[PDB]
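Participant: Once you've had a glance at the structure underneath, I'll fire off some questions.
Positions of Cβ are generated from backbone atoms using ideal geometry, with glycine treated the same way; all protein chains shown enter the neighbour counts. Every read-out reported here was derived from the displayed coordinates using simple, explicitly stated rules and does not represent laboratory data.
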Amino acid sequence: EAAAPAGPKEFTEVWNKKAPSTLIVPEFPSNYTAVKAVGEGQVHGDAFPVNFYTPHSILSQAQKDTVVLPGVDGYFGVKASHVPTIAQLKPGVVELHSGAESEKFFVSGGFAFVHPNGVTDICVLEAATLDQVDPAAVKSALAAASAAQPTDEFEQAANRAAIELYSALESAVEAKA
Amino acid sequence: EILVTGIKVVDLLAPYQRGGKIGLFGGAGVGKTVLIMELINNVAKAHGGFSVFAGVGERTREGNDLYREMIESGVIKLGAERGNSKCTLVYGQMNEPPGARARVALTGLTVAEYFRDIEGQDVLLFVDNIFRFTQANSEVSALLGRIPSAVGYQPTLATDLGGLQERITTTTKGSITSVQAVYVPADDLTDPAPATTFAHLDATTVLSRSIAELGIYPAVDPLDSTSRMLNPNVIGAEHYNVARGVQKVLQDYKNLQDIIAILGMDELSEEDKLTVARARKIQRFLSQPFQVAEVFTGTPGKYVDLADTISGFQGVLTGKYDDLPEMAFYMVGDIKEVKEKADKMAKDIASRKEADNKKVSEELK
Amino acid sequence: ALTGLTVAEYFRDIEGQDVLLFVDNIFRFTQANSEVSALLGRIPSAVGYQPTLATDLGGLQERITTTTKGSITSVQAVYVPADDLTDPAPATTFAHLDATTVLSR
Amino acid sequence: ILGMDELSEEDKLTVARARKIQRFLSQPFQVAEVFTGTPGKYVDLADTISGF
Amino acid sequence: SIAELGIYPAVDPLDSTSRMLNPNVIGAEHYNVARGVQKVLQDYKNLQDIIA
Amino acid sequence: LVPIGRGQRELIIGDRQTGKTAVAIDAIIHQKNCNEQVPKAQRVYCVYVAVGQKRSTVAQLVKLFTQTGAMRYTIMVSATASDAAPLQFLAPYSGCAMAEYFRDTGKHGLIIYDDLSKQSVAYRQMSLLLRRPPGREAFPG
Amino acid sequence: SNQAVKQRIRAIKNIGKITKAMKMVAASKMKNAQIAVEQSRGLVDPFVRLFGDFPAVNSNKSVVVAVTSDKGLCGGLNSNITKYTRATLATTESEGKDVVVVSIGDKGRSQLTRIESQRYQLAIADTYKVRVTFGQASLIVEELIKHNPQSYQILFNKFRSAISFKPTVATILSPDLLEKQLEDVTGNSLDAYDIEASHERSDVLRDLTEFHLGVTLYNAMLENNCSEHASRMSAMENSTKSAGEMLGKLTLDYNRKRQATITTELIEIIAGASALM
Amino acid sequence: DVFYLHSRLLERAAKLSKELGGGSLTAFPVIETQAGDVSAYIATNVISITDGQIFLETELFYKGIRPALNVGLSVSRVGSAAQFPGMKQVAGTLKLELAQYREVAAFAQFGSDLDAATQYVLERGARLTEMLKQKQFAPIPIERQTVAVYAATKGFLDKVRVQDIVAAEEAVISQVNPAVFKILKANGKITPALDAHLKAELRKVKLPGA
Amino acid sequence: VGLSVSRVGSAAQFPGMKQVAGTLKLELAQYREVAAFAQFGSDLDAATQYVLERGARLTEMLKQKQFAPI
Amino acid sequence: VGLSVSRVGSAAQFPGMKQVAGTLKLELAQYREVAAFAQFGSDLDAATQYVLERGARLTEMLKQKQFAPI
Ligand SMILES: Nc1ncnc2c1ncn2[C@@H]1O[C@H](COP(=O)(O)OP(=O)(O)OP(=O)(O)O)[C@@H](O)[C@H]1O
Ligand SMILES: Nc1ncnc2c1ncn2[C@@H]1O[C@H](COP(=O)(O)OP(=O)(O)O)[C@@H](O)[C@H]1O
Ligand SMILES: [Mg+2]
Ligand SMILES: [Mg+2]
């Protein structure tokens, strides 16, 4: 049931009647969004558009053919037309593929959507590629993390996040192929 | 006793005394002949006594204009009905040699002094440019063999002007309500001939060149015009308090004038942007269309009563008209006519989109 | 400057040529005539120049013209006092100038 | 304050014209070839109007 | 201007001068603290315009 | 803020229509209000010298002083604008000689030379017409 | 006299120098803080591609944020946002609901505590003091989910160009309160997505709308900072041309008073010498 | 007596009565100002003698607007009664449209921003400005001036771009048939019979550009 | 107030006014000290906004009518 | 430096100074046009901060004590 249809078209009339007529109607982030979810397209075969995102940088916006993402239930590959999903991610390696060649960014968390028009959206807070990490620091940081376990369970939640991320990173650096 | 002229900036901020000397200070093209013709139009009709016009060193075109506009007004009657005329013209205009312009104000004063002393009447003495008296004495004193004083004037400036101006008085047996125009020589109020005649006036109405460059007519400076009638013991506290409030708002806007220039209005305080908007309103509300200016503007004249101005200027001060635009106040008579102009500005922004006027089948009409 | 105008006026009126005349600092001409009229006891006009400033300049600048036999063209270096173009000596000199060549640093 | 890269192509075409216009206002004088070697040019008015 | 700030004696520290203000006369230790006070006062006099 | 003293000369300086005469008038009216209260020798006797003003203003001022009862202690010297320039020049000295009687006889005087900027113009008129060489703003030396 | 207009000319001349310096300081600050704005523009659109854009919802408790600037030479920006803030705040208030108004930047607290002081619970300043980062926006968003509203209206200036700064409103719905319900049509529009997370969808949507609030708040203050520098770059340009027109008028007035002074002093000297000669 | 020097000279430019032949004398004194300063001594002298003024601005003159008439500061209130009728009909809305055009001066998008609803008065006041430009030594008859400003201010040149209104108004004068100029000069006003044929003539001309 | 001086200062005024007027003379100097810093609205630490009303109340205290000395 | 002229100029200076001072007056002029930015906290693009520190050490280079010519 959708008898109360909020939206950019349906904010405009209540604004034009209530707000003063000197002002132009305020913009919306939907006006700056060119591609959407429900309206189909964007696949045209074996390609599908991958938008890999961080708050500080836009890591990829090209089209790919498979991406493997570290979900909470383990890794999973997204082919050209996956089922629509909202997959929470755990610390692991996001791997893009455009064909024979691949780029592997290690991520810290985040989510990953793929939409009913086949466009996928990987939304993480910090993604550093495996060249940028040195393995001598993650071993000592996990040693300092898996040692001190305070009884204040906020800090043990932070410790669990630490040992999860550092352990998946350590397994992510001997996993060269 | 007050003399209501029907001009908003004159009634509110510097009201005219009914038997006192009145000066209109102006700077060559700011409007002190149009203001004095409007004072003749508004005052000399409702006055029951006699009028004298001393034209001292002004245009002869204006002398013929005043003569013809007084004949068609019936104020001057020619021939057999001459006894019913109410006005005496004395003309020493700017084509005359300087000995004539330096003594024609004394002729106009003598005609007014007869009606004051002998006839016991109330007289109006309009002098167009009492400055040209001073200037004509300055022209003839260069050849009288005197050492000149400051800017180039005669050493006897103040005693000449004082011996002329001390004769224009309300005595115990008659009153002369004299309105004099004073010309400031290079828009200079510190020139010795305006600065000397500031002292002999009860009400000075100083007209400004920059106010006229804004388009606000009459171009009366509200913070340079003064009166001895602006006093609560003569006009009452309700008029005095709204006059001093309007002057306070206009000065508090003048103190912001360079910050608004070099920074813009974007950064001012919201208790001062209110002050700037209210003062931009009450300095358009001092603008007024004249009955004598309707021939070269086309907008008809507006006589505003005094109580209308006091109530209309209380309303902009308290905030009862903060929603009306600034230009709704420009060149209207009353605060009522602001309201019929504010909404007429909002029809005409909506009447753009109503019709597509085409004219058919008139080639056979 | 009148001596220079005479030597140019020979080449104009007799030789029938197109003569240049370089009056280096027409302002110093004006300033010298201001000094001369101050020494003759005359009352200065506006800011301190001679009363005859316009006519002393026009005595020079009106003999520089094209006649039926030749012409005198004149490139006059102009000094502007106190960076003020409304100073009456450059305001008077600019009334006679038919062009302007500004050399910039 | 911004840079020539953000300029329009017609707001770089006026720059590319004006630089060679102000270079084309220069001229070697005949009175300087005594001590600067480059010979001096006398340009006619007809050459100047067409060349600009 | 100094007296409108209520500072008395209203001596302009910059516009005052003496022949004794010389490092050979009153000593270099006195001279350098005098020149340093005048240096910081002239710097503040130049900074007041951007402060306002 | 600017307290006067009993033998002090305090200048009332300002532009036109700012209230200089008003400050002087409140001084004279307040001296009437305090003269009816002090024992006979702290009483201040006022003198108003009205140089160059118009005769109507002096009439208004005499009306005000006599309706407030301040004219009992006030002398008014009035060399108005129509008077000859030596009378306007000399009226501060006439008023000071009138008010010096109270200073010389153990009483206390107070004098207002209203428009002392007009005594100098009357003196300049006299000195330029006596052909004395002018100076700054053609004032005498 | 003729010394006051000289030092006034000096004052206006140095003010013109100051504002011409501040103009290109803001130009440099806009040129470097523009790439960060375009980089942060990417992450806001997967959520509006997923959750959509629902400004005209009916909520009962709503937090409205006006993203303003800190320094006050922006030239018509923070006043524009406090206009649009109440213009959309009166548009969506007709239900007898609760509203918390928050400002980012203390020039918002100087402008919002006089226009809605009944509803103003939070003032957040010093945000641009070094740079804006995502953890900073995350802490601000956690202070916003300290209250438990049903919606979040975010008011900021989108850096459209160096001259145009479109003021936008961005809306974030609370998960269990309106997010599942404003997607209901013929079932639900979110049921096409297969949730691959740990716990149930009432926590996935909680994490997603907290993330979405933080992301749009990061992009809000980042876009608003770039438009604040770009509008200061134009306001200081107007200030230099105003203090140049004022200098060009006041120099002419000084030259007139200079010539008048030389003439009147010389006329005084001649008048004093002709009385003796 | 440098005031009297000019006053006794300009007062001789009179319109005599009908007893004195009815002759007249019009004067155009010319006063050169320094840096646009009209508060000079002689300039304020002659302003307070002559009836109107024709202020010519250096800013407009070095912006190509020639004749560079400052339309706000220039007045002539004595010859306003003695105007050509028809020109008086259209000149009212001409200077009112230019009057509200002067309210869009230096802040179209120069000053702070743009509202862009007054683009109509902006691109109308520009066409009224370049309508009034005119070259040297070619004075226009009054019946061809009032037709040109009728075509300007009734909206008959509203579609033309700003760059060729100089060509548009001379095309209006050359293409509209020269009977209407004789009707307008002989009748001396835009009669109700004449605005119809004028508006019928003004739609059937080819204005350049666009 | 800043430009009007008096040579005698104290010793020639009311002693009771001398107790209560030095704290007015210096406080109006503090009030004038902040008037060139009231065009922006930063309102530093409730000092440059507190005397901005305290001195404004003192200057309103010093106003009075005409022909009515106290 | 900007208002001090010598119309003889470089034709009558030290030829060893003439090839060093021609840089000096040029970068002093560059420092004089960028003179407001010295009082700023926001550093600019380091083609102006370079000339700012350079011109500052150059003005401190030309200082000289009295009665000790070089
Ligand atoms: N304390 C006051 N409160 C209100 N109004 C005042 C006060 N003092 C003076 N005025 C008004 O100010 C006007 C000018 O006052 P006053 O005549 O004393 O000034 P002035 O400088 O002597 O003027 P002038 O130079 O014309 O003689 C008077 O009309 C008076 O009513
Ligand atoms: N009240 C007014 N309304 C409209 N225009 C005015 C008004 N007053 C003056 N003007 C304009 O200013 C000019 C000044 O005319 P006038 O009064 O003769 O000047 P002066 O002050 O030199 O006598 C008039 O031509 C008129 O166009
Ligand atoms: Mg007149
Ligand atoms: Mg007085």
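Participant: Could you work out how far the C-alpha centroid of the stretch B:17-73 sits from that of the stretch A:59-126, in angstrom?
Facilitator: Distance between centres, Cα-based: 90 Å.
Participant: Count charges around C:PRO90 for me, please; just the other residues with Cβ under 11 Å from its Cβ, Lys/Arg as +1, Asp/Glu as -1. Write out the running numbers ahead of the final one.
Facilitator: Values: positive: none; negative: C:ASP83, C:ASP84, C:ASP87.
Here the charged neighbours net out to -3.
Participant: List the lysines whose Cα lies under 22 Å from the Cα of B:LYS8, skipping any in the same chain that are fewer than 8 positions away.
Facilitator: B:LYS21, B:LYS32, B:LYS45, B:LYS248, B:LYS254, B:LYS281, B:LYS302, B:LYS320, B:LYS336, B:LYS339, B:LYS341
Participant: Would you please give the FRET efficiency between H:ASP158 and H:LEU114, computed as 1/(1 + (r/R0)^6) with r the Cβ-Cβ distance and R0 = 25 Å, to the nearest 0.05? Please list the in-between numbers first.
Facilitator: Working: r = 21 Å, r/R0 = 0.82.
Efficiency, rounded to the nearest 0.05: 0.75.
Participant: Which of the trypsin sites (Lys or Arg not before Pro) across the stretch H:120-188 are loop residues per DSSP, with 15 or fewer other Cβ within 10 Å?
Facilitator: Counting only loop positions with at most 15 other Cβ atoms within 10 Å, the trypsin sites (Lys or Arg not before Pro) in the stretch H:120-188 are H:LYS133, H:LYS135, H:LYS154, H:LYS159, H:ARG161.
Participant: Scanning chain J for chymotrypsin sites (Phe, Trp or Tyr not before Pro) in DSSP loops with at most 16 other Cβ atoms within 10 Å, what's the longest stretch left with none? Don't skip to the end; give the middle numbers.
Facilitator: Details: sites that count: J:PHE40, J:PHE67.
Longest gap between qualifying sites, sites excluded: J:1-39.
Participant: Something else: Taking θ = phi - 60°, what integer Hz values does the Karplus form 6.51 cos²θ - 1.76 cosθ + 1.60 yield along the stretch F:124-141, in sequence order, with x for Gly and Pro?
Facilitator: Result, rounded to whole Hz: 5, 5, 4, 6, 6, 8, 7, 6, 8, x, x, x, 5, 6, 6, 6, x, x.
Participant: With r as the distance between the Cβ atoms of G:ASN2 and C:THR101 and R0 = 35 Å, compute the FRET efficiency 1/(1 + (r/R0)^6) and round to 0.05.
Facilitator: 0.55
Participant: Next question. Could you work out the Kirkwood radius for the stretch G:141-254, taking every pair of different alpha carbons, averaging 1/r and inverting it, reported in Å?
Facilitator: With all distinct Cα pairs of the stretch G:141-254 included, I get 17.8 Å.
Participant: Can you list the residues, at least 5 places off or on another chain, whose amide H is less than 5 Å from the amide H of A:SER60, using H built in the peptide plane?
Facilitator: A:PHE52
Participant: So, one more: If you take every DSSP beta bridge whose two residues both sit in the stretch B:1-228, what share of them, in percent to the nearest 5, is antiparallel?
Facilitator: Numbers: 6 of 34 bridges.
That works out to approximately 20 percent antiparallel.
Participant: Sorting check: for A:89-96, B:71-78, which peptide has the highest mean count of neighbouring beta carbons within 10 Å, and how do the rest follow?
Facilitator: Put in order of decreasing packing, that is A:89-96, B:71-78.
Participant: Here's a follow-up. Just to confirm my numbers, what's the Cα centroid distance between the stretch G:170-211 and the stretch G:48-67 in Å?
Facilitator: Value for the Cα centre distance between the two parts: 14 Å.
Participant: Can you give the mean number of other chain Cβ atoms that lie within 10 Å of the Cβ atoms in peptide G:168-177?
Facilitator: Averaged over the peptide's residues, the number is 3.
Participant: Putting +1 on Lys and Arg Cβ atoms and -1 on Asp and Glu Cβ atoms, find which of A:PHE113, A:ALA80, A:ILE58 reaches farthest to the positive end of the dipole of the stretch A:37-133.
Facilitator: A:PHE113
Participant: Residues in the stretch B:195-215, backbone N under 15 Å from the label point at H:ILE31 (7 Å along the Cα-to-beta-carbon vector): list them, ranges by number please.
Facilitator: Counting backbone N atoms under 15 Å from the label point, the list is B:209.
Participant: Quantify how strongly other chains surround peptide F:79-88 by giving the mean number of their Cβ atoms within 10 Å of each of its Cβ atoms.
Facilitator: Mean shielding by partner chains, rounded to a whole number: 4.
Participant: Name the long-range amide H neighbours of A:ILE86: under 5 Å, sequence gap of 5 or more, or other chain; modelled H, no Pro or chain starts.
Facilitator: For A:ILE86, whose amide H was placed from the backbone, the distant partners under 5 Å are G:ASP194, G:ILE195, G:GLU196.
Participant: Something else: Can you check what the net charge comes to around B:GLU119, using other residues whose Cβ is under 14 Å from the Cβ of B:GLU119 (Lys, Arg +1; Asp, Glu -1)?
Facilitator: In short, 0.
Participant: What are the residues whose amide H is under 5 Å from the amide H of B:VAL123, where those residues sit 5 or more places off or on another chain and H is modelled from the backbone?
Facilitator: For B:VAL123, whose amide H was placed from the backbone, the distant partners under 5 Å are B:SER175, B:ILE176, B:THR177.
Participant: Another question, then. Give a residue-ordered list of calculated ³J(HN,Hα) values for the stretch A:25-33 (Karplus: 6.51 cos²θ - 1.76 cosθ + 1.60, θ = phi - 60°; whole Hz; x for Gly, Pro).
Facilitator: Once θ is set to phi - 60°, the couplings for the stretch A:25-33 become 5, x, 6, 9, x, 5, 6, 9, 10 Hz.
Participant: Using Cα atoms only, what is the angle between the long axis of helix G:4-32 and the major principal axis of chain G, expressed in degrees (0 to 90) to the nearest 10?
Facilitator: Here the helix axis deviates by roughly 30 degrees.
Participant: Please list 3J(HN,Hα) in residue order for the stretch H:199-210, calculated via the Karplus relation 6.51 cos²θ - 1.76 cosθ + 1.60 where θ = phi - 60°; whole Hz, with x for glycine and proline.
Facilitator: Residue by residue, the stretch H:199-210 yields 6, 6, 6, 8, 7, 9, 10, 9, 8, x, x, 6 Hz.
Participant: Any idea what the dipole of the stretch G:143-277 comes to, in debye rounded to 20, about its Cα centre with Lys/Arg Cβ at +1 and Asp/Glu Cβ at -1?
Facilitator: Taking the Cα centre of the stretch G:143-277 as origin, the dipole is about 1280 debye.
Participant: At 24 Å minimum axial length over the Cα atoms and a Kyte-Doolittle cut of -1.0, report the qualifying DSSP H helices in chain A, or say none.
Facilitator: Helices passing the filter in chain A: A:153-173.
Participant: Next question, about the same structure. Using a cut-off of 12 Å between beta-carbons, work out the net charge of the residues near B:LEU274 (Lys and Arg +1, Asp and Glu -1, B:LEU274 not included). Write out the running numbers ahead of the final one.
Facilitator: Working: positive: B:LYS273, B:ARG278, B:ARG280, B:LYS281, G:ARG114; negative: B:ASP252, B:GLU270, B:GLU271, B:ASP272, B:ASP322.
Summing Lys and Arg as +1 and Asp and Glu as -1 gives 0.
Participant: Please enumerate, by chain and number, the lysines with C-alpha under 30 Å from the C-alpha of B:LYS365, excluding those fewer than 8 residues away in the same chain.
Facilitator: B:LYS353, H:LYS88, H:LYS154, H:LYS182, H:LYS185, H:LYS189, H:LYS199, H:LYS204, H:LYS206
Participant: Other chains' Cβ within 10 Å of G:52-60 residues: what's the mean?
Facilitator: 6
Participant: Please find the FRET efficiency linking A:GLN132 to A:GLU155, where r is the Cβ-Cβ separation and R0 is fixed at 41 Å, and quote it to the nearest 0.05.
Facilitator: 0.90
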